[PDB]
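Below: one structure, written as structure tokens.
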Amino acid sequence: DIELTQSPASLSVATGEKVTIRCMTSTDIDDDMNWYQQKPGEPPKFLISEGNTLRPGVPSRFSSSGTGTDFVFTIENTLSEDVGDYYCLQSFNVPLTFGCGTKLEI
Amino acid sequence: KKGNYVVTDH
Amino acid sequence: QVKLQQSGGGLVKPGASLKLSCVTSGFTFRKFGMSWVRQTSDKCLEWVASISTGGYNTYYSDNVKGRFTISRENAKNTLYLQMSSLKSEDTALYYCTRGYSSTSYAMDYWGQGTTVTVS
């Protein structure tokens with residue numbers, strides 16, 4: 001049981017500013033870190049998969065990095081449409097485990 | 001097969 | 001184009017059972033693993049169960065072991081979650097999910113969510 005803890009719990013940025021969100025794991029996950037964005041009334045949308053790679057169709061302003069137990073997600077030049085909750089997920093081992101989200105407002 | 005689980009059967 | 005269409009669920013009393021359905025379209029269903037994950041009111045996401053392409057391997061959270069069963073019918077492109085001995089702690093929005101690769105249960109496509117309330 002790998003635990004994931006996200007930070008900050010929430011933040012408010014102005015349009016065009018960078019956001020940095022972190023997710024740390026209790027043990028190594030062989031870089032199988034995934035990131036999702038969820039908007040009200042919708043399921044989480046897959047943004048980043050294992051090996052810190054942006055999904056096709058996702059804006060290049062989103063990035064992720066990190067290895068081992070220490071992972072980061074960033075939005076360069078944030079836009080109003082990026083409001084939502086961002087979640088990290090490890091898929092290295094079952095049980096698959098999620099952080100409980102970072103809330104983003106603009 | 002990877003980690004501690006299988007998703008594709010054979 | 002990939003579509004996971006959910007149904008079932010509802011409000012039941014503690015101890016009751018509920019079978020959730022997820023019908024898929026837009027891809028060869030048997031080439032993908034599938035999972036159920038649930039979202040509680042605190043907005044936290046919790047993985048419930050995963051099933052391999054043919055159904056030979058299934059995995060459950062400790063929270064639902066002995067009560068829930070994940071299964072699939074490949075000829076019908078359908079994934080199921082049979083819930084039994086339900087408790088208030090199982091109250092959540094349940095999501096049907098597809099494992100994005102032939103080796104990972106990390107989710108790419110998600111169904112629209114099915115409410116189950118146990119009260």
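Labeling convention for the structure tokens: chains A, B, ... as they appear, residues from 1 per chain, ligands from 1 in order of appearance.
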Please provide as a short mmCIF file (atom, residue, chain, number, x, y, z; two decimals) with N, CA, C and O atoms, in the first residue's frame all residues within 6 Å of range 16-25 of chain A, with the sequence filter that same-chain residues fewer than 4 positions apart are discarded (counting only C-alpha atoms).
```cif
data_model
loop_
_atom_site.label_atom_id
_atom_site.label_comp_id
_atom_site.auth_asym_id
_atom_site.auth_seq_id
_atom_site.Cartn_x
_atom_site.Cartn_y
_atom_site.Cartn_z
N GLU A 3 1.22 5.10 -0.27
CA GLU A 3 0.36 6.23 0.00
C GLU A 3 0.90 7.40 -0.82
O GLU A 3 2.12 7.54 -1.01
N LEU A 4 -0.01 8.21 -1.35
CA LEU A 4 0.31 9.39 -2.12
C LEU A 4 -0.25 10.57 -1.36
O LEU A 4 -1.41 10.55 -0.93
N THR A 5 0.55 11.63 -1.19
CA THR A 5 0.10 12.84 -0.51
C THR A 5 0.40 14.02 -1.43
O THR A 5 1.58 14.24 -1.82
N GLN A 6 -0.66 14.77 -1.77
CA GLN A 6 -0.52 15.95 -2.62
C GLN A 6 -0.35 17.25 -1.87
O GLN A 6 -0.74 17.34 -0.69
N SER A 7 0.23 18.27 -2.51
CA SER A 7 0.34 19.57 -1.89
C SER A 7 0.49 20.61 -2.98
O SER A 7 0.92 20.26 -4.08
N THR A 69 10.23 8.93 -5.23
CA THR A 69 9.03 9.17 -4.42
C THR A 69 8.60 10.62 -4.53
O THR A 69 7.70 11.06 -3.83
N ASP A 70 9.15 11.43 -5.43
CA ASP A 70 8.95 12.86 -5.37
C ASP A 70 8.58 13.36 -6.75
O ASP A 70 9.43 13.46 -7.64
N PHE A 71 7.30 13.66 -6.94
CA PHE A 71 6.79 14.02 -8.26
C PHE A 71 6.14 15.40 -8.26
O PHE A 71 5.60 15.88 -7.25
N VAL A 72 6.22 16.06 -9.42
CA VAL A 72 5.75 17.43 -9.61
C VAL A 72 4.91 17.55 -10.89
O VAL A 72 5.19 16.90 -11.91
N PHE A 73 3.89 18.39 -10.86
CA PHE A 73 3.05 18.72 -11.97
C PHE A 73 3.05 20.24 -12.03
O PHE A 73 2.89 20.91 -10.99
N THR A 74 3.20 20.80 -13.23
CA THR A 74 3.19 22.25 -13.41
C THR A 74 2.34 22.67 -14.60
O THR A 74 2.14 21.94 -15.61
N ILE A 75 1.78 23.87 -14.47
CA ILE A 75 1.07 24.49 -15.58
C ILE A 75 1.86 25.79 -15.74
O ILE A 75 2.03 26.56 -14.78
N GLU A 76 2.46 25.98 -16.90
CA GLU A 76 3.13 27.23 -17.23
C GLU A 76 2.00 28.07 -17.80
O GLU A 76 1.10 27.49 -18.42
N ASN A 77 1.97 29.39 -17.64
CA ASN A 77 0.96 30.23 -18.32
C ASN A 77 -0.48 29.73 -18.08
O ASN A 77 -1.22 29.45 -19.03
N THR A 78 -0.92 29.58 -16.83
CA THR A 78 -2.26 29.09 -16.56
C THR A 78 -3.39 29.95 -17.15
O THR A 78 -3.35 31.18 -17.22
#
```
Within 6 Å of chain A: residues of chain C, using only C-alpha atoms, as a PyMOL selection string: chain C and resi 44+47+106+108
Take the residues from that selection and put them in a file with N, CA and C atoms, as an mmCIF file, in the first residue's frame.
```cif
data_model
loop_
_atom_site.group_PDB
_atom_site.id
_atom_site.type_symbol
_atom_site.label_atom_id
_atom_site.label_comp_id
_atom_site.auth_asym_id
_atom_site.auth_seq_id
_atom_site.Cartn_x
_atom_site.Cartn_y
_atom_site.Cartn_z
ATOM 1 N N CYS C 44 -12.208 12.359 -2.527
ATOM 2 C CA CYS C 44 -11.070 11.466 -2.656
ATOM 3 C C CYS C 44 -11.446 10.293 -3.547
ATOM 4 N N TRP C 47 -9.495 3.262 -5.490
ATOM 5 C CA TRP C 47 -9.568 2.132 -6.398
ATOM 6 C C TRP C 47 -10.361 1.002 -5.699
ATOM 7 N N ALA C 106 -3.597 2.070 -14.902
ATOM 8 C CA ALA C 106 -3.768 3.534 -14.919
ATOM 9 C C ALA C 106 -4.864 3.896 -15.945
ATOM 10 N N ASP C 108 -7.377 5.597 -18.668
ATOM 11 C CA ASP C 108 -7.472 6.680 -19.613
ATOM 12 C C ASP C 108 -8.931 7.119 -19.738
#
```
Distance query residue 30 in chain C at most 12 Å, only C-alpha atoms, self and fewer than 4 positions along chain excluded, as a PyMOL selection string: (chain B and resi 7-10) or (chain C and resi 24-26+34+51-56+72-79+98-99+102)
Write to file, as an mmCIF file, in the first residue's frame, the residues of the selection just made, with N, CA, C and O atoms.
```cif
data_model
loop_
_atom_site.group_PDB
_atom_site.id
_atom_site.type_symbol
_atom_site.label_atom_id
_atom_site.label_comp_id
_atom_site.auth_asym_id
_atom_site.auth_seq_id
_atom_site.Cartn_x
_atom_site.Cartn_y
_atom_site.Cartn_z
ATOM 1 N N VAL B 7 -2.401 -7.359 -16.420
ATOM 2 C CA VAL B 7 -3.602 -6.871 -17.056
ATOM 3 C C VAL B 7 -3.769 -7.670 -18.331
ATOM 4 O O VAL B 7 -4.937 -7.944 -18.621
ATOM 5 N N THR B 8 -2.739 -8.114 -19.099
ATOM 6 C CA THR B 8 -3.020 -8.912 -20.307
ATOM 7 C C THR B 8 -2.760 -10.394 -20.061
ATOM 8 O O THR B 8 -1.653 -10.832 -19.699
ATOM 9 N N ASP B 9 -3.821 -11.177 -20.200
ATOM 10 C CA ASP B 9 -3.758 -12.612 -20.042
ATOM 11 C C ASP B 9 -3.139 -13.278 -21.255
ATOM 12 O O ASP B 9 -3.075 -12.713 -22.346
ATOM 13 N N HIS B 10 -2.607 -14.471 -21.021
ATOM 14 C CA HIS B 10 -2.101 -15.373 -22.061
ATOM 15 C C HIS B 10 -2.523 -16.770 -21.614
ATOM 16 O O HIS B 10 -2.857 -16.969 -20.431
ATOM 17 N N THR C 24 -19.081 -1.031 -23.021
ATOM 18 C CA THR C 24 -18.052 -0.264 -23.721
ATOM 19 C C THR C 24 -18.275 -0.266 -25.225
ATOM 20 O O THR C 24 -18.930 -1.157 -25.779
ATOM 21 N N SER C 25 -17.761 0.749 -25.899
ATOM 22 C CA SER C 25 -17.794 0.775 -27.335
ATOM 23 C C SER C 25 -16.581 1.555 -27.791
ATOM 24 O O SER C 25 -15.946 2.282 -27.011
ATOM 25 N N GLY C 26 -16.232 1.381 -29.058
ATOM 26 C CA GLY C 26 -15.167 2.175 -29.623
ATOM 27 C C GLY C 26 -13.809 1.525 -29.534
ATOM 28 O O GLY C 26 -12.835 2.198 -29.896
ATOM 29 N N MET C 34 -9.687 -3.472 -17.166
ATOM 30 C CA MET C 34 -10.689 -2.478 -16.757
ATOM 31 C C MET C 34 -10.671 -2.404 -15.236
ATOM 32 O O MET C 34 -10.211 -3.351 -14.570
ATOM 33 N N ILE C 51 -9.602 -5.943 -13.390
ATOM 34 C CA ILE C 51 -9.740 -7.243 -14.045
ATOM 35 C C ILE C 51 -8.954 -7.221 -15.370
ATOM 36 O O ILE C 51 -9.012 -6.251 -16.150
ATOM 37 N N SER C 52 -8.190 -8.299 -15.566
ATOM 38 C CA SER C 52 -7.413 -8.512 -16.769
ATOM 39 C C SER C 52 -8.266 -8.711 -18.016
ATOM 40 O O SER C 52 -9.480 -8.984 -17.928
ATOM 41 N N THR C 53 -7.611 -8.703 -19.185
ATOM 42 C CA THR C 53 -8.276 -8.801 -20.458
ATOM 43 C C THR C 53 -9.266 -9.960 -20.617
ATOM 44 O O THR C 53 -10.367 -9.797 -21.135
ATOM 45 N N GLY C 54 -8.891 -11.138 -20.140
ATOM 46 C CA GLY C 54 -9.754 -12.289 -20.274
ATOM 47 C C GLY C 54 -10.535 -12.559 -18.998
ATOM 48 O O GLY C 54 -11.433 -13.413 -18.981
ATOM 49 N N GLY C 55 -10.248 -11.857 -17.903
ATOM 50 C CA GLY C 55 -10.932 -12.130 -16.632
ATOM 51 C C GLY C 55 -10.223 -13.142 -15.736
ATOM 52 O O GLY C 55 -10.684 -13.429 -14.622
ATOM 53 N N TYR C 56 -9.052 -13.661 -16.147
ATOM 54 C CA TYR C 56 -8.324 -14.660 -15.357
ATOM 55 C C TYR C 56 -7.671 -14.104 -14.096
ATOM 56 O O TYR C 56 -7.338 -14.847 -13.165
ATOM 57 N N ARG C 72 -16.369 -9.682 -16.241
ATOM 58 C CA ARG C 72 -16.634 -9.049 -17.504
ATOM 59 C C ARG C 72 -17.193 -10.120 -18.417
ATOM 60 O O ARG C 72 -16.919 -11.316 -18.225
ATOM 61 N N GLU C 73 -17.934 -9.692 -19.431
ATOM 62 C CA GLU C 73 -18.439 -10.592 -20.447
ATOM 63 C C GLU C 73 -17.936 -10.036 -21.752
ATOM 64 O O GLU C 73 -18.538 -9.120 -22.312
ATOM 65 N N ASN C 74 -16.850 -10.581 -22.270
ATOM 66 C CA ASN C 74 -16.204 -10.018 -23.455
ATOM 67 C C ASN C 74 -17.061 -10.030 -24.693
ATOM 68 O O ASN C 74 -17.069 -9.032 -25.422
ATOM 69 N N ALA C 75 -17.891 -11.072 -24.886
ATOM 70 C CA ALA C 75 -18.784 -11.110 -26.036
ATOM 71 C C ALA C 75 -19.832 -9.997 -26.033
ATOM 72 O O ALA C 75 -20.381 -9.637 -27.076
ATOM 73 N N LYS C 76 -20.104 -9.420 -24.871
ATOM 74 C CA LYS C 76 -21.078 -8.356 -24.747
ATOM 75 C C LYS C 76 -20.431 -7.001 -24.496
ATOM 76 O O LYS C 76 -21.107 -6.025 -24.164
ATOM 77 N N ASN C 77 -19.098 -6.903 -24.567
ATOM 78 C CA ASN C 77 -18.365 -5.673 -24.284
ATOM 79 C C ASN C 77 -18.782 -5.049 -22.966
ATOM 80 O O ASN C 77 -18.851 -3.827 -22.816
ATOM 81 N N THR C 78 -19.073 -5.873 -21.955
ATOM 82 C CA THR C 78 -19.554 -5.345 -20.691
ATOM 83 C C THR C 78 -18.736 -5.747 -19.473
ATOM 84 O O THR C 78 -18.313 -6.891 -19.356
ATOM 85 N N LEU C 79 -18.468 -4.760 -18.631
ATOM 86 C CA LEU C 79 -17.782 -4.881 -17.357
ATOM 87 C C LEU C 79 -18.838 -4.816 -16.237
ATOM 88 O O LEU C 79 -19.750 -3.971 -16.339
ATOM 89 N N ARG C 98 -11.029 2.315 -17.999
ATOM 90 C CA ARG C 98 -10.255 1.415 -18.858
ATOM 91 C C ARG C 98 -8.754 1.555 -18.524
ATOM 92 O O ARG C 98 -8.288 2.706 -18.406
ATOM 93 N N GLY C 99 -7.993 0.468 -18.368
ATOM 94 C CA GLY C 99 -6.539 0.526 -18.193
ATOM 95 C C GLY C 99 -5.995 0.980 -19.566
ATOM 96 O O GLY C 99 -6.384 0.439 -20.632
ATOM 97 N N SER C 102 -1.401 -2.286 -22.212
ATOM 98 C CA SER C 102 -1.567 -3.726 -22.016
ATOM 99 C C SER C 102 -0.907 -4.233 -20.733
ATOM 100 O O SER C 102 -1.000 -5.414 -20.378
#
```
Please build the interface table for chain B against chain A with a cut-off of 7 Å, listing for each qualifying residue the nearest atom pair and the distance in Å to one decimal; count only C-alpha atoms, order rows by chain and increasing number, and write it as CSV.
```
residue,atom,partner,partner_atom,distance
B:3,CA,A:92,CA,5.4
B:4,CA,A:93,CA,5.5
B:5,CA,A:94,CA,6.7
```
Point-to-point distance from CA of residue 85 in chain C to CA of residue 6 in chain C, Å rounded to tenths: 21.5 Å
Residue list (strand (DSSP E or B), DSSP) for chain C, as a VMD selection string: chain C and resid 3 to 7 10 to 12 18 to 25 34 to 39 45 to 51 58 to 60 68 to 73 78 to 83 92 to 99 107 to 110 114 to 118
Selection: 9 Å around residue 16 in chain C, only C-alpha atoms, excl. self and same-chain fewer than 3 positions, as number ranges by chain: C: 12-13, 83-87, 118
Nearest to chain B, chosen from C:49, C:92, C:20, C:37, with only C-alpha atoms counted in the distances: C:49
Gap from CA of residue 28 in chain C to CA of residue 50 in chain C - Å, one decimal: 17.6 Å
